[PDB]
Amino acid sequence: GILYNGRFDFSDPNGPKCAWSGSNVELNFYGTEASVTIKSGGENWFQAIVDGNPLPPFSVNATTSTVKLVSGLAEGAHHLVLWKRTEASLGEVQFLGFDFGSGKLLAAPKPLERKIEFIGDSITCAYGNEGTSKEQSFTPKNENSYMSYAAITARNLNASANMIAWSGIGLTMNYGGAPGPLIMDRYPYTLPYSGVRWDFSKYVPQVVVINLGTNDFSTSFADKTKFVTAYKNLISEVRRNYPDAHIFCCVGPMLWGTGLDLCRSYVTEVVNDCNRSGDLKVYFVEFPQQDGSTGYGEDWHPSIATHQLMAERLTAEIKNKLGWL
């Protein structure tokens, strides 16, 4: 009856729980209106997309609330997507039930056959993408993962996407060397704060996109051996979960100067080594450095325009390798 698109935990009979950016619930209903009850651990933001039209977003902040998603529609069958805009670090969310007024739930859409997993950091979270000032610091309201390069690429390809991304995370270090779990430590989890492990058999993508290393080179440059080994470890893990996946290793568009040259050198070394070792389904993609001609979001993170450029590039790369025309 309902599609739960993402890494969801179903252990609580009161309602499915999720954390990662871009987690979304998708359903068909008959009627004129729809409501949902949401519990949120922090300041999470959502958007309802109803018959293909995105509605003004709303937050549910460290509380449980019943929210009217849409109303006053022509009575009939409608398609609804409820999208978690904000990232896992802003808290787990539990969906406690829908209400359709005098209407009803209808058969759910067929799940998409094409599947992508994205693994990344602030760029894939779409940190700050609805801010237009690079001087402004992070606000949850301005983080719109629906307009991340990852979400846009998935819609371009008629694919579902799981967005396994955490702002500031790296392969060898987090932003500014702040201590914390690194990507390989969070990657195994459905709910990374509470230790609920993800069962990798539940979602086997044909494509994995990795965009990591910005935090490894934006302040103090990571050690080459350490970084290359860490990146290889991650690819090994992805390959062990998904023997048949095409893996796209991506650099850009936030790195600049020497940090960008070193990151490019190290990641292309990783890809070339995987290829020589016999894995021909590991590829490299570079998003050209943002130069200001497409503006900036909060803390210099990519604008929606820059996300759109990335999505055009990445869509064409995946179409090429997969034949996903």
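From 1 onward, residues are counted along the sequence shown.
Looking at mean Cα B-factors across 263 to 271 and 31 to 39, the upper value is held by 31 to 39. Between the stretches 278 to 286 and 57 to 65, it is 57 to 65 that shows the larger average CA temperature factor. Within the group 120, 252, 140, 192, the record's highest C-alpha temperature factor is found at 192.
Set against one another, the Cα B-factors of 180, 109, 170, 188 in the record reach their highest point at 109. Ranked within its chain, residue 135 lands in the highest third, by CA B factor from the PDB record.
When the modelled residues of the chain are ordered by their C-alpha B factor, residue 213 lands in the middle third. When all modelled residues of the chain are sorted by CA temperature factor, residue 83 is found within the middle third. Annotation for residue 90: C-alpha temperature factor in the highest third relative to the rest of the modelled chain, per the entry. The deposited CA B-factor of residue 227 belongs to the middle third of values across its chain.
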